[PDB]
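This is what each chain is made of:
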Amino acid sequence: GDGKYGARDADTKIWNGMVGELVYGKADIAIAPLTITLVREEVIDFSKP
Amino acid sequence: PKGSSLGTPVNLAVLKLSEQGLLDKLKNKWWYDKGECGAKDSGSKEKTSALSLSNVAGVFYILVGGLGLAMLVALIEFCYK
Amino acid sequence: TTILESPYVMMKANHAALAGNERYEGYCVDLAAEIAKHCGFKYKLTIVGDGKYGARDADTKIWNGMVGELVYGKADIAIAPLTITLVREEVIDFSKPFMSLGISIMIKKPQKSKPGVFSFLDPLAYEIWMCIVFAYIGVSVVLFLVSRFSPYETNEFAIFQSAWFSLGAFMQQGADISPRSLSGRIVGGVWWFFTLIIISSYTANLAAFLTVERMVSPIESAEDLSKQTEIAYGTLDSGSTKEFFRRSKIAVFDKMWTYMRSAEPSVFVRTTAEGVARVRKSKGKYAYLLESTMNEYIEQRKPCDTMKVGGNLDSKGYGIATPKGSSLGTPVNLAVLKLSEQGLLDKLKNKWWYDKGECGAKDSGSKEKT
Amino acid sequence: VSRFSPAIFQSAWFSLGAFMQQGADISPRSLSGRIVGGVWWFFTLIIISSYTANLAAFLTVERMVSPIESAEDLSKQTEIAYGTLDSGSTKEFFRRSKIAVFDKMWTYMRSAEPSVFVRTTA
Ligand SMILES: O=c1[nH]c2cc(C(F)(F)F)c(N3CCOCC3)cc2n(CP(=O)(O)O)c1=O
Ligand SMILES: O=c1[nH]c2cc(C(F)(F)F)c(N3CCOCC3)cc2n(CP(=O)(O)O)c1=O
Ligand SMILES: CNC(=O)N1N=C(c2ccc(N)cc2)c2cc3c(cc2C[C@H]1C)OCO3
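Residues numbered from 1 in each chain as written, not as in the entry; some residues may be left out. Chains lettered and ligands numbered in written order. Part of a larger assembly, values for the part shown. Heavy atoms only, no water.

- Looking at the method and resolution fields of the entry, one finds X-ray crystallography and 4.65 Å.

## Structural notes on the overall build of chain A
And then number 1: On a plain count of helices and strands, chain A comes out with 2 helices and 2 strands.
And then number 2: In chain A, the order of α-helices and β-strands from amino to carboxyl end is β-β-α-α.
And then number 3: Expressed as lengths along the three principal axes of its C-alpha atoms, the size of chain A is roughly 30 × 20 × 20 Å.
And then number 4: By residue count, 33% of the 49 residues in chain A fall in the buried class.
And then number 5: In chain A, once contacts between residues fewer than 6 apart in sequence are set aside, the share between residues at least 24 apart is 21%.
And then number 6: A distance of 3 Å separates the average location of the 6 positive side-chain charges in chain A from that of its 8 negative side-chain charges. (Helix = DSSP H or I, 4+ residues; strand = E, 2+ residues; numbered from the N terminus. Buried < 20%, exposed > 50% of the residue type's maximum accessible area, 1.4 Å probe, protein only. Contact = heavy atoms within 4.5 Å. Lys, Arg positive; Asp, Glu negative; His and termini not counted. Charge placed at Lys NZ, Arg CZ, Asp CG, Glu CD.)

## Some points on the interface of chain C and chain D
And then number 1: Listed by partner, the interface residues are 23 residues for chain C and 28 residues for chain D.
And then number 2: Remark: the boundary between chain C and chain D carries 1 salt bridge.
And then number 3: At the junction of chain C with chain D, the criterion picks out 7 residue pairs in polar contact.
And then number 4: Breaking the side of chain C that touches chain D down by element, the ones donating at least two residues are α5 (161-171) and α6 (183-211) of chain C.
And then number 5: Looking at the side of chain C that touches chain D element by element, the count peaks at 8 residues for α6(C). (Salt bridge = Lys/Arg side-chain N within 4 Å of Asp/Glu carboxyl O. Polar contact = N/O pair within 3.5 Å; in protein donor to acceptor, adjacent residues only side chain to side chain.)

## Some points on the state of the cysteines
Residue and element names in this part refer to chain C.
And then number 1: Here the structure, examined in full by the defined rule, presents 1 disulfide over all chains.
And then number 2: Left without a disulfide partner, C28 is nearest to the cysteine sulfur of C39, which lies 15 Å away.
And then number 3: The class of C28 is buried, set by a relative accessible area of 4%. (Disulfide = S-S within 2.5 Å.)

## Digging into the nonpolar core
And then number 1: Counting 31 residues, the largest nonpolar core has C:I105, C:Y233, C:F245, C:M256, C:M260 and C:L289 as the members making the most contacts within it.
And then number 2: Those elements that provide at least two residues to this core are β8 (103-108), α7 (222-226), β9 (232-234), α8 (240-246), α9 (251-261), α10 (272-281), β10 (286-291) and α11 (292-299) of chain C.
And then number 3: Among all residues touching C:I105, those that are not within four sequence positions of it are C:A222, C:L225, C:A287, C:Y288, C:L289, C:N295, C:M307, C:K308 and C:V309.
And then number 4: Listed in part, the 30 residues of the second largest apolar core include B:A74, C:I177, C:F194 and C:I198. (Core = buried A, V, L, I, M, F, W, Y, C linked by side-chain atoms within 4.5 Å.)

## Here we look at the arrangement of the chains
And then number 1: In this assembly, 4 pairs of chains are in contact, and the pair contributing the most contacts is chains B and C.
And then number 2: Regarding chain A and chain D, the two do not touch, and the least distance separating their C-alpha atoms is 30 Å.
And then number 3: Between chain B and chain D there is no contact, and the shortest C-alpha to C-alpha distance separating them is 15 Å.

## Observations regarding the site of ligand 2
Residue and element names in this part refer to chain D.
And then number 1: As a structural note, the neighbourhood of ligand 2 is formed by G88, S89 and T121.
And then number 2: Measuring from an oxygen atom of ligand 2, one finds a side-chain N or O atom of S89 at 2.7 Å.
And then number 3: Contact distances for ligand 2 include 3.0 Å between an oxygen atom and a side-chain N or O atom of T121.
And then number 4: Contact with the protein chains covers 21% of the free accessible surface of ligand 2, which is 550 Å². (Near = heavy atom within 4 Å. Areas by Shrake-Rupley, 256 points an atom, 1.4 Å probe, with all protein chains shown as cover.)

## With respect to the sheet that holds β10(C)
Think of a sheet as strands paired side by side through backbone hydrogen bonds, with each pair either parallel or antiparallel.
All names here are of chain C.
And then number 1: The strand order across the open sheet built from 4 strands is β9-β10-β8-β11, with neighbouring strands paired in mixed fashion. Whereas interior strands pair on both sides, the edge strands pair on one side only; in this sheet they are β9 and β11 (306-309). When strand polarity is set aside, the average angle formed by the axes of neighbouring strands in this sheet is 30°.
And then number 2: Here β9 pairs with β10 via 3 bridges, running parallel. Bridge assignment links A232 to a residue of β10, and that residue is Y286.
And then number 3: Seen against the sheet, α9 touches β9 and β10 and runs at an angle of roughly 95° to β9.
And then number 4: α11 contacts β8, β10 and β11 of the sheet and is inclined by roughly 140° relative to β11. (Pairing = 2+ DSSP bridges. Axes fitted to C-alpha atoms, helices over the stretch in contact; angles between N-to-C directions.)

Dropping the structure here:
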């Protein structure tokens, strides 16, 4: 959506981007250059780099 | 997604593609093969080890020009009987 | 469980004194202490059996090493530099990689002093030295014509004698000419200025390289390393480094692999120390391919004559191996990322590679160019 | 290459005038003497050029030394050692310092062989 990366908002605290689409079940997988970070490993799982 | 069926198979497939060499092959395919600058860019064997030819060619040109002017002078000298 | 290898896990100077966890020091010991701080658990450091890495046998098909100790429940976790591979992910779980690596080239540090007859002409060029004689003969041929003196008036002609006079300009400052000559005055006038600029540039450039001695002569590229046979290059007798060149799809690594397979003498060595010794004894004529983690450490140790040239070739990494279905898997998987984002992993890397490295920066400035 | 038709003083006095000046022209003017003096002038030219160039190299590497009035640069060099006292406030000050300069100095003094610390000030 609108070219958003896996990022969690600060005010509304809503996950937007590929991680957001995976959290709310809108998508099944995200084969994209997504950096593995601790903030995203908590909500969605990551494969080996 | 956490608890999805595709997690482990993709986790293993990434390692399978990296150990086979397909990931590096795709990297070289879409980065260097399709790159407009295929070979090395602006890279010489070594960055000015000595002196360049264009650097002395000007002195050589002023030498040739002086020799030509001296030939002209000799041409007007022998004609004077 | 972890393997005793330099410098990841090393025994202290007083290993016999005291007991428990103080007997070991290194990178993985600080990493284990930090994991126990960010996860909270009592940990006991144990050495792997007879120093075996994570490898599955071919005949008996028995897992030996750290991976084996986790499979049969002999150990609970393996904080050790274990490479993440597909064959090991099937049996035991892996945490995110805490350090990336790749196969690199190690060569001896090149010497700068190069005395000899081949270096006196280097300050100018291969072409300028061959052009100064062309300018000299171009001046001699003009001296053949500009040698015209006043005779009452189809000439006396100049043979043999003209070349004699012409040869004089190369020795003396130039000109030579004939007395009371109008055109030779300017022939030698431009010649003297030309040779003056030439000698001035020669002396100036010679001074420039007696103060700035850099002399970086390695190609620094694997593809040109395969395109030359003077400096040999080899890997290990057995291991993933050799197998990577074996099953490689890129034509560069295939050329390197054919070169190493049809190598006389054989470029492969049994141990890593044999490759390091061959690099240190060949005086820059041998190269050794090995993982970058060991290449950098050998470069950071005495006698500092080894150097890691170029970059990595493949993308692999070390990760903490956890047993399948263990409680510590996910907390360690998250703690690794937490330590990487804080910067403690890179801080330990700089601590145990460069800070404690025998090869210091060396005194700033200084005078070693006599 | 001179008159040698069989002690000769003629060819013993001409020799030094070509070593000094530039060329090889005396009373005789022979081409063979030109090629004797032809390589000599180039040889001595290379010699004087290299002498002047190296002299510039030692007038350039003599005034590029750093005296260093700043402690930070004193820590960046290891030929000239620097130390404090075995016990006192100076050593504890280098111990509990938050600036990376004094921390580098403290690590240098802590991992010093031979020991840079002394018992007394004298
Ligand atoms: O998983 C593996 N991890 C490894 C880790 C290391 C080290 F760098 F020490 F950590 C080394 N060495 C490199 C330098 O020489 C001494 C041992 C070998 C490893 N091997 C064997 P390979 O098959 O030759 O790669 C593995 O299999
Ligand atoms: O309050 C303090 N005032 C101090 C005053 C002086 C002096 F300069 F002589 F006045 C000295 N010396 C400097 C040269 O070495 C001989 C004695 C030490 C002092 N110390 C000990 P510190 O713990 O090493 O600083 C103090 O504690
Ligand atoms: C003791 N000599 C020495 O250390 N070198 N040789 C000189 C050199 C000095 C004098 C003369 N006459 C010729 C060469 C040289 C020439 C160069 C150059 C670098 C040097 C420095 C080293 C190789 O880079 C390009 O050219």
